[PDB]
Amino acid sequence: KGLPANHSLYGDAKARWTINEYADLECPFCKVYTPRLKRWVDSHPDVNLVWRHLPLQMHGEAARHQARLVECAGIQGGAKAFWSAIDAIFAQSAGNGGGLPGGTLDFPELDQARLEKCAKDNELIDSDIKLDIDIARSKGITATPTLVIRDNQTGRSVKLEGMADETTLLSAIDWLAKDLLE
């Protein structure tokens with residue numbers, strides 16, 4: 001294991017299971033699913049959520065630039081800024097490759113000129129986006145959202161493609177760990 005998630009983490013850092021949500025800020029599925037999944041995590045403290053980048057090629061530049069904007073928000077403001085920027089981008093983008101008007105995010109609690117420079121220039125964040133995409137492709141992930149649910153106690157994980165509903169989530173965690181619940 002490498003360093004733990006901070007700005008990309010939603011929920012309790014010490015949660016037993018982590019839902020890795022591979023997602024694209026232009027994807028209409030991700031737009032409706034991400035808030036519903038955060039709700040679910042709110043009511044299951046034992047599970048947390050980590051956003052992983054997979055901007056899809058058919059969504060072009062907009063999805064890549066928006067991935068960089070949310071990492072740069074994390075630099076400025078941590079998790080709270082990161083997840084607020086995810087919401088703001090899903091609300092403000094045309095979606096589907098149309099992107100933000102002028103590429104510009106309206107998020108006045110952040111330093112906007114600073115935000116834009118970081119999306120243009122910071123290669124560390126660009127690398128981190130690319131790494132999530134490379135990991136996704138190594139696992140054969142092609143569409144968004146796709147979940148990788150990891151049990152942090154055992155290391156085991158399971159992949160689910162699509163907008164998994166509560167039955168899907170519960171049954172995946174049961175598949176990981178039904179005999180290790182006490």
# chains A, B, ... in the order shown; residues from 1 in each chain; ligands from 1
>>> residues_around(residues="stretch 94-102 of chain A", least_positions_apart="6", cutoff="12 Å", atoms="only C-alpha atoms", output="PyMOL selection string")
chain A and resi 24-32+55-67+69+88+116
>>> write_last_selection(atoms="C-alpha atoms", output="PDB file, in the first residue's frame")
ATOM      1  CA  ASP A  24     -15.603  10.897 -15.356  1.00  0.00           C
ATOM      2  CA  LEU A  25     -16.954  14.408 -14.712  1.00  0.00           C
ATOM      3  CA  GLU A  26     -18.586  14.435 -18.220  1.00  0.00           C
ATOM      4  CA  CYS A  27     -20.358  11.105 -17.699  1.00  0.00           C
ATOM      5  CA  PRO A  28     -24.104  11.337 -17.187  1.00  0.00           C
ATOM      6  CA  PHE A  29     -24.112   8.132 -15.178  1.00  0.00           C
ATOM      7  CA  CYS A  30     -21.487   9.444 -12.839  1.00  0.00           C
ATOM      8  CA  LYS A  31     -23.394  12.655 -12.485  1.00  0.00           C
ATOM      9  CA  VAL A  32     -26.555  11.019 -11.137  1.00  0.00           C
ATOM     10  CA  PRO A  55     -12.073  10.467 -17.932  1.00  0.00           C
ATOM     11  CA  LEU A  56     -13.308   8.564 -21.009  1.00  0.00           C
ATOM     12  CA  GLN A  57     -11.722   9.322 -24.362  1.00  0.00           C
ATOM     13  CA  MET A  58     -15.147  10.056 -25.965  1.00  0.00           C
ATOM     14  CA  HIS A  59     -15.475  12.946 -23.517  1.00  0.00           C
ATOM     15  CA  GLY A  60     -12.244  14.515 -24.764  1.00  0.00           C
ATOM     16  CA  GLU A  61     -10.521  17.503 -23.335  1.00  0.00           C
ATOM     17  CA  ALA A  62     -13.339  18.598 -21.045  1.00  0.00           C
ATOM     18  CA  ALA A  63     -13.187  15.470 -18.891  1.00  0.00           C
ATOM     19  CA  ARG A  64      -9.357  15.673 -18.562  1.00  0.00           C
ATOM     20  CA  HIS A  65      -9.346  19.408 -17.740  1.00  0.00           C
ATOM     21  CA  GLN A  66     -12.131  18.828 -15.165  1.00  0.00           C
ATOM     22  CA  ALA A  67     -10.138  16.017 -13.520  1.00  0.00           C
ATOM     23  CA  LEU A  69      -9.521  21.170 -11.724  1.00  0.00           C
ATOM     24  CA  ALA A  88     -19.896  22.209  -8.964  1.00  0.00           C
ATOM     25  CA  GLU A 116      -6.631  27.489 -13.494  1.00  0.00           C
TER      26      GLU A 116
END
>>> select_by_dssp(residues="chain A", states="strand (DSSP E)", output="PyMOL selection string")
chain A and resi 9-10+17-23+47-53+146-151+157-161
>>> closest_residue(among="A:20, A:36, A:73, A:157", to="residue A:112", atoms="only C-alpha atoms")
A:73
>>> atom_distance(atom1="atom CA of residue A:171", atom2="atom CA of residue A:139")
21.0 Å
>>> closest_residue(among="A:70, A:149, A:79, A:158", to="residue A:10", atoms="only C-alpha atoms")
A:79
>>> closest_residue(among="A:4, A:35, A:145, A:78", to="residue A:23", atoms="only C-alpha atoms")
A:145
>>> residues_around(residues="residue A:8", least_positions_apart="5", cutoff="7 Å", atoms="only C-alpha atoms", output="VMD selection string")
chain A and resid 50 to 51 79 82
>>> closest_residue(among="A:181, A:22, A:40, A:1", to="residue A:137", atoms="only C-alpha atoms")
A:22
>>> atom_distance(atom1="atom CA of residue A:87", atom2="atom CA of residue A:54")
16.6 Å
>>> residues_around(residues="residue A:176", least_positions_apart="3", cutoff="12 Å", atoms="only C-alpha atoms", output="short mmCIF file (atom, residue, chain, number, x, y, z; two decimals) with N, CA, C and O atoms, in the first residue's frame")
data_model
loop_
_atom_site.label_atom_id
_atom_site.label_comp_id
_atom_site.auth_asym_id
_atom_site.auth_seq_id
_atom_site.Cartn_x
_atom_site.Cartn_y
_atom_site.Cartn_z
N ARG A 16 -13.72 0.13 7.32
CA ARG A 16 -13.33 -1.22 6.93
C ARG A 16 -13.34 -1.43 5.36
O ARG A 16 -12.40 -2.07 4.87
N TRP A 17 -14.38 -0.95 4.65
CA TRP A 17 -14.41 -1.22 3.19
C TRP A 17 -14.31 0.12 2.53
O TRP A 17 -14.86 1.14 2.99
N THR A 18 -13.62 0.14 1.39
CA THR A 18 -13.49 1.37 0.58
C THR A 18 -14.10 1.07 -0.80
O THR A 18 -13.68 0.10 -1.47
N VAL A 148 -14.47 -0.48 -7.59
CA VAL A 148 -13.61 -1.55 -7.03
C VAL A 148 -13.81 -1.41 -5.52
O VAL A 148 -13.34 -0.41 -4.96
N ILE A 149 -14.42 -2.42 -4.90
CA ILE A 149 -14.68 -2.34 -3.45
C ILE A 149 -13.61 -3.19 -2.79
O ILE A 149 -13.49 -4.36 -3.09
N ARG A 150 -12.80 -2.58 -1.92
CA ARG A 150 -11.69 -3.24 -1.25
C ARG A 150 -12.09 -3.43 0.22
O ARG A 150 -12.55 -2.50 0.91
N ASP A 151 -11.77 -4.61 0.77
CA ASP A 151 -11.80 -4.82 2.22
C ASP A 151 -10.41 -4.51 2.80
O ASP A 151 -9.43 -5.13 2.43
N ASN A 152 -10.37 -3.40 3.55
CA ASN A 152 -9.10 -2.89 4.06
C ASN A 152 -8.46 -3.83 5.13
O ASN A 152 -7.28 -3.62 5.46
N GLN A 153 -9.24 -4.72 5.68
CA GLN A 153 -8.74 -5.70 6.68
C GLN A 153 -8.04 -6.84 5.98
O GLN A 153 -7.02 -7.37 6.51
N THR A 154 -8.50 -7.28 4.83
CA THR A 154 -7.99 -8.53 4.19
C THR A 154 -7.24 -8.26 2.91
O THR A 154 -6.55 -9.17 2.41
N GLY A 155 -7.44 -7.09 2.32
CA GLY A 155 -6.88 -6.84 1.03
C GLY A 155 -7.70 -7.32 -0.17
O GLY A 155 -7.31 -6.99 -1.30
N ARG A 156 -8.77 -8.09 0.04
CA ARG A 156 -9.51 -8.62 -1.08
C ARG A 156 -10.34 -7.46 -1.70
O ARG A 156 -10.81 -6.54 -0.99
N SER A 157 -10.58 -7.59 -3.00
CA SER A 157 -11.43 -6.59 -3.70
C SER A 157 -12.31 -7.24 -4.72
O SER A 157 -12.12 -8.38 -5.08
N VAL A 158 -13.35 -6.50 -5.11
CA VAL A 158 -14.25 -6.97 -6.13
C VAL A 158 -14.65 -5.79 -7.01
O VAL A 158 -14.89 -4.67 -6.53
N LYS A 159 -14.80 -6.03 -8.30
CA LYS A 159 -15.14 -4.98 -9.27
C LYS A 159 -16.61 -5.12 -9.64
O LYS A 159 -17.16 -6.25 -9.90
N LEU A 169 -24.34 -3.42 -3.75
CA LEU A 169 -23.29 -3.07 -2.85
C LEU A 169 -23.24 -4.06 -1.68
O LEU A 169 -22.17 -4.52 -1.27
N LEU A 170 -24.40 -4.32 -1.08
CA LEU A 170 -24.45 -5.24 0.08
C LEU A 170 -23.98 -6.59 -0.30
O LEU A 170 -23.29 -7.30 0.46
N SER A 171 -24.45 -7.10 -1.47
CA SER A 171 -24.01 -8.43 -1.88
C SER A 171 -22.55 -8.54 -2.27
O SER A 171 -21.92 -9.57 -2.05
N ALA A 172 -22.00 -7.45 -2.78
CA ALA A 172 -20.52 -7.44 -3.06
C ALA A 172 -19.75 -7.48 -1.75
O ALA A 172 -18.74 -8.20 -1.73
N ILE A 173 -20.21 -6.71 -0.74
CA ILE A 173 -19.43 -6.73 0.53
C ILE A 173 -19.59 -8.14 1.17
O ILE A 173 -18.65 -8.69 1.74
N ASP A 179 -18.13 -13.99 6.28
CA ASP A 179 -17.71 -14.77 7.47
C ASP A 179 -16.78 -13.99 8.37
O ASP A 179 -16.31 -14.52 9.38
N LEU A 180 -16.51 -12.71 8.08
CA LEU A 180 -15.58 -11.91 8.87
C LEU A 180 -16.23 -10.67 9.38
O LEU A 180 -15.63 -9.60 9.40
N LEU A 181 -17.43 -10.86 9.93
CA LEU A 181 -18.22 -9.73 10.41
C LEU A 181 -18.48 -9.78 11.92
O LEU A 181 -19.05 -8.79 12.44
#
>>> select_by_dssp(residues="stretch 44-164 of chain A", states="alpha helix (DSSP H)", output="VMD selection string")
chain A and resid 60 to 92 112 to 121 123 to 138
>>> atom_distance(atom1="atom CA of residue A:92", atom2="atom CA of residue A:104")
9.2 Å
>>> closest_residue(among="A:14, A:120, A:114, A:80", to="residue A:45", atoms="only C-alpha atoms")
A:14
>>> residues_around(residues="residue A:43", least_positions_apart="4", cutoff="12 Å", atoms="only C-alpha atoms", output="MDAnalysis selection string")
chainID A and resid 11:12 36:39 47:48 166
>>> closest_residue(among="A:15, A:121, A:6, A:177", to="residue A:77", atoms="only C-alpha atoms")
A:6
